[PDB]
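Source file: structure_20.tsv; contents: TSV, C-alpha atoms and all ligand atoms.
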```tsv
chain	number	residue	atom	x	y	z
B	26	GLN	CA	-11.69	20.20	4.64
B	27	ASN	CA	-10.61	23.71	5.35
B	28	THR	CA	-7.35	22.10	4.09
B	29	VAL	CA	-8.43	21.37	0.53
B	30	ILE	CA	-10.67	24.04	-0.97
B	31	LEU	CA	-12.49	23.03	-4.23
B	32	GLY	CA	-14.10	25.45	-6.63
B	33	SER	CA	-17.82	25.23	-7.56
B	34	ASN	CA	-17.18	23.55	-10.93
B	35	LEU	CA	-15.41	20.53	-9.41
B	36	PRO	CA	-17.15	17.46	-7.95
B	37	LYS	CA	-17.13	17.23	-4.16
B	38	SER	CA	-15.74	13.74	-4.35
B	39	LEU	CA	-12.59	14.80	-6.30
B	40	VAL	CA	-10.38	14.49	-3.24
B	41	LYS	CA	-10.10	10.83	-2.08
B	42	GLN	CA	-7.91	11.51	0.93
B	43	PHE	CA	-4.89	13.47	2.06
B	44	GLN	CA	-2.12	13.10	4.57
B	45	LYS	CA	1.06	14.80	5.66
B	46	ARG	CA	4.31	14.06	7.48
B	47	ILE	CA	7.59	15.63	8.39
B	48	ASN	CA	10.36	13.95	6.38
B	49	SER	CA	13.72	12.85	7.79
B	50	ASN	CA	15.34	16.20	6.75
B	51	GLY	CA	12.73	18.00	8.83
B	52	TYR	CA	10.41	19.31	6.06
B	53	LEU	CA	6.63	18.82	5.77
B	54	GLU	CA	5.38	16.82	2.79
B	55	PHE	CA	1.79	16.22	1.86
B	56	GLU	CA	0.02	13.85	-0.56
B	57	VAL	CA	-3.44	14.44	-1.92
B	58	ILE	CA	-5.09	11.67	-3.94
B	59	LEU	CA	-7.50	12.85	-6.67
B	60	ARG	CA	-9.89	10.93	-8.96
B	61	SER	CA	-12.52	11.74	-11.48
B	62	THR	CA	-14.74	9.75	-13.76
B	63	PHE	CA	-13.95	12.10	-16.65
B	64	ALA	CA	-10.65	13.61	-17.58
B	65	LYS	CA	-10.31	17.11	-16.05
B	66	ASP	CA	-7.75	19.87	-16.27
B	67	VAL	CA	-7.40	21.68	-12.99
B	68	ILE	CA	-5.33	24.49	-11.55
B	69	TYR	CA	-4.02	24.26	-7.96
B	70	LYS	CA	-2.38	26.62	-5.45
B	71	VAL	CA	-0.49	25.77	-2.23
B	72	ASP	CA	-0.20	27.89	0.95
B	73	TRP	CA	2.17	26.59	3.70
B	74	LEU	CA	0.99	27.14	7.24
B	75	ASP	CA	3.05	27.51	10.42
B	76	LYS	CA	2.46	25.89	13.87
B	77	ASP	CA	-0.26	28.49	14.64
B	78	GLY	CA	-2.07	28.00	11.30
B	79	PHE	CA	-0.77	31.31	9.91
B	80	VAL	CA	0.20	31.55	6.27
B	81	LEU	CA	3.95	31.55	5.87
B	82	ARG	CA	4.29	34.61	3.67
B	83	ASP	CA	8.07	34.85	3.58
B	84	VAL	CA	8.81	31.45	1.86
B	85	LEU	CA	9.27	31.01	-1.93
B	86	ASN	CA	5.82	30.30	-3.25
B	87	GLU	CA	5.05	28.35	-6.33
B	88	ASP	CA	2.67	29.95	-8.86
B	89	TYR	CA	-0.71	28.43	-9.79
B	90	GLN	CA	0.06	25.03	-11.36
B	91	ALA	CA	-1.87	23.08	-13.98
B	92	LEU	CA	-2.63	19.48	-13.46
B	93	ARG	CA	-4.22	16.91	-15.74
B	94	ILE	CA	-6.49	14.34	-14.02
B	95	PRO	CA	-6.97	11.38	-16.55
B	96	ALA	CA	-10.31	9.63	-16.66
B	97	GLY	CA	-10.66	7.07	-13.79
B	98	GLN	CA	-6.86	6.95	-13.01
B	99	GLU	CA	-5.78	7.77	-9.41
B	100	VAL	CA	-3.57	10.94	-9.39
B	101	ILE	CA	-1.25	11.44	-6.39
B	102	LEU	CA	-0.37	15.14	-5.80
B	103	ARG	CA	2.78	15.26	-3.68
B	104	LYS	CA	4.38	18.51	-2.39
B	105	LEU	CA	7.27	19.26	-0.15
B	106	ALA	CA	7.82	22.38	1.91
B	107	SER	CA	11.05	24.42	1.44
B	108	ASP	CA	10.97	25.82	4.96
B	109	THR	CA	11.12	23.90	8.26
B	110	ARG	CA	8.50	26.22	9.89
B	111	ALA	CA	5.77	24.64	7.67
B	112	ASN	CA	3.58	22.32	9.83
B	113	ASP	CA	0.37	22.31	7.79
B	114	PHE	CA	-0.84	23.41	4.30
B	115	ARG	CA	-3.89	24.70	2.39
B	116	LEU	CA	-4.60	23.56	-1.16
B	117	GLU	CA	-6.92	25.36	-3.56
B	118	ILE	CA	-8.18	23.51	-6.66
B	119	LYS	CA	-10.32	24.94	-9.44
B	120	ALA	CA	-11.32	23.84	-12.97
B	121	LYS	CA	-9.02	25.21	-15.73
B	201	BR	BR	-13.95	25.68	-10.13
```

Since I need it in another form, could you write the structure as C-alpha cells?
Amino acid sequence: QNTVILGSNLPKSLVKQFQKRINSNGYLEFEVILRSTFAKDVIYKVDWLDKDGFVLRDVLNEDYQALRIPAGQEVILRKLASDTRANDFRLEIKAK
C-alpha cells in the first residue's frame, strides 16, 4: 500500500498479496507474491523499517535487484532482515 510502491509503467494488479512475520531467530521476513500476464523484467529495492516506521539507515542494504516475472507464473519474492530492529519494510518496484 504505502508498503509496496509500484512505478507508473507497472500494472496496479502486479502485487497479489504480501505478508510478514518474525522468524524463530527473531528476524523479520516478508513475502510478496507477484503475477503478470506478460513476462516482465523489474527492478526492486527494499527499505527495512523500525518499530516507529523509521528507515533503518545503519543496516547493510542490498542494492537495486533485478527480477524476472515469467508470463502467468506466480513469483514469490521472499526477503529476510539482517537486523532484529526491523519490524516492517517498504518495497519499491519499477520496470527495468
Ligand atoms: Br515503472

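From atom CA of residue B:107 back to atom CA of residue B:39, the distance works out to 26.7 Å.
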
Contact table chain B vs ligand BR 201 (chain B), cut-off 12 Å, shortest pair per residue, only C-alpha atoms and all ligand atoms, as JSON lines:
```
{"residue": "B:30", "atom": "CA", "partner": "B:BR201", "partner_atom": "BR", "distance": 9.9}
{"residue": "B:31", "atom": "CA", "partner": "B:BR201", "partner_atom": "BR", "distance": 6.6}
{"residue": "B:32", "atom": "CA", "partner": "B:BR201", "partner_atom": "BR", "distance": 3.5}
{"residue": "B:33", "atom": "CA", "partner": "B:BR201", "partner_atom": "BR", "distance": 4.7}
{"residue": "B:34", "atom": "CA", "partner": "B:BR201", "partner_atom": "BR", "distance": 4.0}
{"residue": "B:35", "atom": "CA", "partner": "B:BR201", "partner_atom": "BR", "distance": 5.4}
{"residue": "B:36", "atom": "CA", "partner": "B:BR201", "partner_atom": "BR", "distance": 9.1}
{"residue": "B:37", "atom": "CA", "partner": "B:BR201", "partner_atom": "BR", "distance": 10.8}
{"residue": "B:39", "atom": "CA", "partner": "B:BR201", "partner_atom": "BR", "distance": 11.6}
{"residue": "B:65", "atom": "CA", "partner": "B:BR201", "partner_atom": "BR", "distance": 11.0}
{"residue": "B:66", "atom": "CA", "partner": "B:BR201", "partner_atom": "BR", "distance": 10.5}
{"residue": "B:67", "atom": "CA", "partner": "B:BR201", "partner_atom": "BR", "distance": 8.2}
{"residue": "B:68", "atom": "CA", "partner": "B:BR201", "partner_atom": "BR", "distance": 8.8}
{"residue": "B:69", "atom": "CA", "partner": "B:BR201", "partner_atom": "BR", "distance": 10.3}
{"residue": "B:117", "atom": "CA", "partner": "B:BR201", "partner_atom": "BR", "distance": 9.6}
{"residue": "B:118", "atom": "CA", "partner": "B:BR201", "partner_atom": "BR", "distance": 7.1}
{"residue": "B:119", "atom": "CA", "partner": "B:BR201", "partner_atom": "BR", "distance": 3.8}
{"residue": "B:120", "atom": "CA", "partner": "B:BR201", "partner_atom": "BR", "distance": 4.3}
{"residue": "B:121", "atom": "CA", "partner": "B:BR201", "partner_atom": "BR", "distance": 7.5}
```

Problem - Exercise: stretch 109-111 of chain B partners within 6 Å, all atoms listed in the file, chain neighbours under 2 positions left out, as a PyMOL selection string - result: chain B and resi 52+73-75+113

Handout entry: d(atom CA of residue B:59, atom CA of residue B:42) in Å
Key =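 That distance, rounded to one decimal, is 7.7 Å.
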
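Interatomic distance, atom CA of residue B:49 against atom CA of residue B:81: 21.2 Å.
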
Problem - Which residue of B:115, B:100, B:108, B:55 approaches residue B:84 most closely, using only C-alpha atoms - result: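 The closest residue to residue B:84 is B:108.
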
Exercise for the section: Please check which residues have atoms at most 10 Å from (5.5, 15.3, 5.8) in the file's coordinates, counting all atoms listed in the file, and write them as number ranges by chain. Expected result: B: 44-56, 103-106, 111-113

Print the selection's residues with C-alpha atoms to a file, as a tab-separated table (two decimals), in the frame of the given file.
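Output saved as again_0.tsv:
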```
chain	number	residue	atom	x	y	z
B	44	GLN	CA	-2.12	13.10	4.57
B	45	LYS	CA	1.06	14.80	5.66
B	46	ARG	CA	4.31	14.06	7.48
B	47	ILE	CA	7.59	15.63	8.39
B	48	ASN	CA	10.36	13.95	6.38
B	49	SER	CA	13.72	12.85	7.79
B	50	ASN	CA	15.34	16.20	6.75
B	51	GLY	CA	12.73	18.00	8.83
B	52	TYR	CA	10.41	19.31	6.06
B	53	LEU	CA	6.63	18.82	5.77
B	54	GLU	CA	5.38	16.82	2.79
B	55	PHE	CA	1.79	16.22	1.86
B	56	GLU	CA	0.02	13.85	-0.56
B	103	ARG	CA	2.78	15.26	-3.68
B	104	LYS	CA	4.38	18.51	-2.39
B	105	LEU	CA	7.27	19.26	-0.15
B	106	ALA	CA	7.82	22.38	1.91
B	111	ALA	CA	5.77	24.64	7.67
B	112	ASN	CA	3.58	22.32	9.83
B	113	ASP	CA	0.37	22.31	7.79
```

Exercise for the section: May I ask which of the residues B:96, B:102, B:85, B:114 is the closest one to residue B:40, counting only C-alpha atoms? Expected result: B:102

Adding 3 Å on each side of the box along x, y and z that holds all listed atoms of stretch 31-39 of chain B, could you give its centre and edge lengths in Å to one decimal, as lines of an AutoDock Vina configuration file?
```
center_x = -15.2
center_y = 19.6
center_z = -7.5
size_x = 11.3
size_y = 17.7
size_z = 12.8
```

Exercise for the section: Using all atoms listed in the file, give me every residue within 10 Å of (-7.5, 5.5, -12.2) in file coordinates, as a list in words. Expected result: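 Those residues, ordered by chain and then number, are residues 59, 60, 61, 62, 94, 95, 96, 97, 98, 99 and 100 of chain B.
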
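The closest residue to residue B:43, picked from B:71, B:90, B:116, B:80 and counting all atoms listed in the file, is B:116.
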
Atom completion result for stretch 34-53 of chain B (N, CA and C atoms) as a PDB file, in the coordinates of the input:
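Wrote part-v5.pdb, looks like this:
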```
ATOM      1  N   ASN B  34     -17.098  24.389  -9.761  1.00  0.00           N
ATOM      2  CA  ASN B  34     -17.180  23.550 -10.930  1.00  0.00           C
ATOM      3  C   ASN B  34     -16.437  22.229 -10.791  1.00  0.00           C
ATOM      4  N   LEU B  35     -15.985  21.856  -9.593  1.00  0.00           N
ATOM      5  CA  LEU B  35     -15.410  20.530  -9.410  1.00  0.00           C
ATOM      6  C   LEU B  35     -16.346  19.638  -8.561  1.00  0.00           C
ATOM      7  N   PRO B  36     -16.365  18.331  -8.802  1.00  0.00           N
ATOM      8  CA  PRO B  36     -17.150  17.460  -7.950  1.00  0.00           C
ATOM      9  C   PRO B  36     -16.589  17.397  -6.522  1.00  0.00           C
ATOM     10  N   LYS B  37     -17.499  17.219  -5.579  1.00  0.00           N
ATOM     11  CA  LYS B  37     -17.130  17.230  -4.160  1.00  0.00           C
ATOM     12  C   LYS B  37     -16.270  16.060  -3.864  1.00  0.00           C
ATOM     13  N   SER B  38     -16.432  14.982  -4.637  1.00  0.00           N
ATOM     14  CA  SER B  38     -15.740  13.740  -4.350  1.00  0.00           C
ATOM     15  C   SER B  38     -14.375  13.671  -5.038  1.00  0.00           C
ATOM     16  N   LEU B  39     -13.921  14.773  -5.635  1.00  0.00           N
ATOM     17  CA  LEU B  39     -12.590  14.800  -6.300  1.00  0.00           C
ATOM     18  C   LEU B  39     -11.456  14.340  -5.413  1.00  0.00           C
ATOM     19  N   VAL B  40     -11.441  14.853  -4.185  1.00  0.00           N
ATOM     20  CA  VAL B  40     -10.380  14.490  -3.240  1.00  0.00           C
ATOM     21  C   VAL B  40     -10.718  13.182  -2.512  1.00  0.00           C
ATOM     22  N   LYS B  41      -9.914  12.162  -2.705  1.00  0.00           N
ATOM     23  CA  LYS B  41     -10.100  10.830  -2.080  1.00  0.00           C
ATOM     24  C   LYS B  41      -9.611  10.809  -0.637  1.00  0.00           C
ATOM     25  N   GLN B  42      -8.423  11.369  -0.414  1.00  0.00           N
ATOM     26  CA  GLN B  42      -7.910  11.510   0.930  1.00  0.00           C
ATOM     27  C   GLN B  42      -6.664  12.399   0.836  1.00  0.00           C
ATOM     28  N   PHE B  43      -6.210  12.847   1.997  1.00  0.00           N
ATOM     29  CA  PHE B  43      -4.890  13.470   2.060  1.00  0.00           C
ATOM     30  C   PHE B  43      -4.165  13.133   3.348  1.00  0.00           C
ATOM     31  N   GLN B  44      -2.868  13.304   3.333  1.00  0.00           N
ATOM     32  CA  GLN B  44      -2.120  13.100   4.570  1.00  0.00           C
ATOM     33  C   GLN B  44      -0.845  13.937   4.501  1.00  0.00           C
ATOM     34  N   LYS B  45      -0.194  14.075   5.626  1.00  0.00           N
ATOM     35  CA  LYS B  45       1.060  14.800   5.660  1.00  0.00           C
ATOM     36  C   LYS B  45       2.026  14.140   6.635  1.00  0.00           C
ATOM     37  N   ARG B  46       3.300  14.483   6.493  1.00  0.00           N
ATOM     38  CA  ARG B  46       4.310  14.060   7.480  1.00  0.00           C
ATOM     39  C   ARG B  46       5.561  14.945   7.388  1.00  0.00           C
ATOM     40  N   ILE B  47       6.366  14.923   8.430  1.00  0.00           N
ATOM     41  CA  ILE B  47       7.590  15.630   8.390  1.00  0.00           C
ATOM     42  C   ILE B  47       8.638  14.603   7.966  1.00  0.00           C
ATOM     43  N   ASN B  48       9.434  14.919   6.939  1.00  0.00           N
ATOM     44  CA  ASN B  48      10.360  13.950   6.380  1.00  0.00           C
ATOM     45  C   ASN B  48      11.624  13.919   7.266  1.00  0.00           C
ATOM     46  N   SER B  49      12.560  13.066   6.917  1.00  0.00           N
ATOM     47  CA  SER B  49      13.720  12.850   7.790  1.00  0.00           C
ATOM     48  C   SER B  49      14.752  14.009   7.670  1.00  0.00           C
ATOM     49  N   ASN B  50      14.588  14.928   6.705  1.00  0.00           N
ATOM     50  CA  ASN B  50      15.340  16.200   6.750  1.00  0.00           C
ATOM     51  C   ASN B  50      14.622  17.313   7.552  1.00  0.00           C
ATOM     52  N   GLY B  51      13.401  17.058   8.004  1.00  0.00           N
ATOM     53  CA  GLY B  51      12.730  18.000   8.830  1.00  0.00           C
ATOM     54  C   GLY B  51      11.737  18.897   8.088  1.00  0.00           C
ATOM     55  N   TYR B  52      11.363  18.508   6.881  1.00  0.00           N
ATOM     56  CA  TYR B  52      10.410  19.310   6.060  1.00  0.00           C
ATOM     57  C   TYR B  52       9.072  18.579   5.888  1.00  0.00           C
ATOM     58  N   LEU B  53       7.986  19.351   5.959  1.00  0.00           N
ATOM     59  CA  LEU B  53       6.630  18.820   5.770  1.00  0.00           C
ATOM     60  C   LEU B  53       6.387  18.407   4.320  1.00  0.00           C
TER      61      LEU B  53
END
```
